[PDB]
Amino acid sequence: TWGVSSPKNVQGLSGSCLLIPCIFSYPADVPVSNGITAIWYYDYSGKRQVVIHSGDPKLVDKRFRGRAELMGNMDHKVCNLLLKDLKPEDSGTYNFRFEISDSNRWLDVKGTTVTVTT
């Protein structure tokens, strides 16, 4: 069925980097034309900013520009999120999203709460 596997909480040191393991699944009925668009969000409920966007990065918020990267393989269903140069401001929740088709998109509500420490 549809879903995403990632840790619920993750902690990193300011200045360092953080890697969030992530894997997603979708029904074998599966369509294959959308090229699967992966998108990570930050503060989905509040300001909801884009951390990455396989579609077009021009949609990525200036806050995460060049400070985040998708370490995955759609062909393996890997969505790992790499955070470069951590800062305290990076603390918060991250949620993944992927789209195979217009009416076949999914968002992980669990997300991953990232808290940057010293």
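In this text, the rigid core denotes the largest set of C-alpha atoms whose superposition between the two forms falls within 1.5 Å. Quick note: we count residues from 1 along the sequence shown, nothing fancier.
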property	result
Segment of greater CA departure in 4 other deposited structures of this protein, 32-40 or 85-93, core superposed	32-40
Higher-B stretch (mean Cα B-factor, as the entry records it), 62-70 or 43-51	62-70
102-110 versus 12-20 - greater average Cα B-factor per the deposited record	102-110
Maximum C-alpha temperature factor, selected from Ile36, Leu81, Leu86, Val78	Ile36
CA B-factor placement of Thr118, once the chain's modelled residues are sorted into thirds	highest
